[PDB]
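Provided below as structure tokens are two forms of one protein chain, presented individually as structure 1 and structure 2.
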Structure 1
């Protein structure tokens, strides 16, 4: 009578099966979407962590073809200033808005300052507001996502974090332009030890991807990626892109080597996986390849 919904799988539970391939790793397309309205040339997002993303690293992420989410452990005036630095800043893949400015995102919470914070970020020219808490399937987050969409209809909004189909549907209904997936996997996050709560990330991604199929709402896989192999698996489970934190934290660009080298490795691995599965682009990678389930052995 124990209420078990399903067996749920993490990265180490699965491997990608090779499939017939004609397109070499160097030739596949990595283009994807962050949100309904924002495209990325690589499926990489940097985390809204105070050890990872401020203006310097967000500029670098945008130049690489991804995007950075400025963390919110700072005052409103400073966070707006971080956004302005990016917006005012050869990188052929660079993520840019219609005015040719580098794209940037910024995190907000649900606390008392949120309305004022969102307004300041929008005024600073932020491309996307990320309503970002430990539990996105909540009145607080869902209300705030709807408020941002209704109040600032010209900005993109992301809600998270979630790990279920029901949560995905709730955020989509609130007007989210993308959802962020990950409850438990944050490299350690002591969510499992302290609250006993979590959903293994491969299942979490797949369940959200299935819920959002046909909606046009992207999903971002946030947490638990240690190697480029995990990144490839996240994509095949259905993620549109992956958010990384601690792997970027030691870099020259992160707050007190080069980020470019880590990005190159990560995308090298993803390209290798696409070659193995015969996936010519991200849409194929998300929808066609298969996994095998493996044992502890």
Structure 2
């Protein structure tokens, strides 16, 4: 009698099935798309969290082949200054994420507040590569219509909308002109969205439903939340993510506002390379479309 749409799976419900392989971890390609217009050399994004991404950590992420999204828990002028610091950082890093001018890539988050138009303007004038319209509920008037507005007003900036967890949301963001979507609503066990609101979609099913909805559109999806180990990251990719956002795991690093960020990155990319080796996936498109899961009981 309950209105149950499906059974939904998280990282711990599934394992990657090994497949034939002739490719070594060190030899696979980790190149992917952050957005329609933006490629990354590794599928790794740092979160728009005030304990995680400002200019220093965003610089390190771009140098590694990923990208940082500058958080929006600060003033407009501070946020544009963080963006400028990244875009002016003078560049040893053959993998760096860079724009057509050879400047490091950066993103910046915006919300739905009264200040959003002015914020987007200052960030775009500062040379931002991507504006991330980023709330706890991306399938909402505030997010979608803001994504529509950025796309129509600043047509040479990339726009990401999130956070979403359903096929329907992905399409509503695609129709608004989103160049990528970010996936993750209540993705961890015992996070405050589940406890407080009773709301959430287990992340492996969320990513897969959104990947299926977006197939053939050219719109990438970013998996944000619920990743604890590098094996989770591999699972997110096989479920259809184009890259993965990490937040609190980077929060203790030198670069954040325990050690170098580099170590953490290399360990995360190490496990992913291992998982590509096990599944026989030579590049990210193979990893996203070919390996299969087994479902497990957790016994």
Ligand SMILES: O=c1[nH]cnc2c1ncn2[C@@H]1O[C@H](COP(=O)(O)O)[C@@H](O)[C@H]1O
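Residue numbers count along the first chain shown, from 1. Shifts are known only where both forms have a C-alpha. What we label the rigid core is the largest C-alpha set whose atoms superpose within 1.5 Å from one form to the other.
Matching the description of the form solved in complex with the named molecule is structure 1; structure 2 comes from elsewhere. Comparing C-alpha positions between structure 1 and structure 2 after a rigid core fit, one residue in 175, 186, 125, 200 moves 2 angstroms or more. It is 186. Core-superposed difference between structure 1 and structure 2: one segment of three or more residues with every CA shifted 2 Å or more, namely 186-189.
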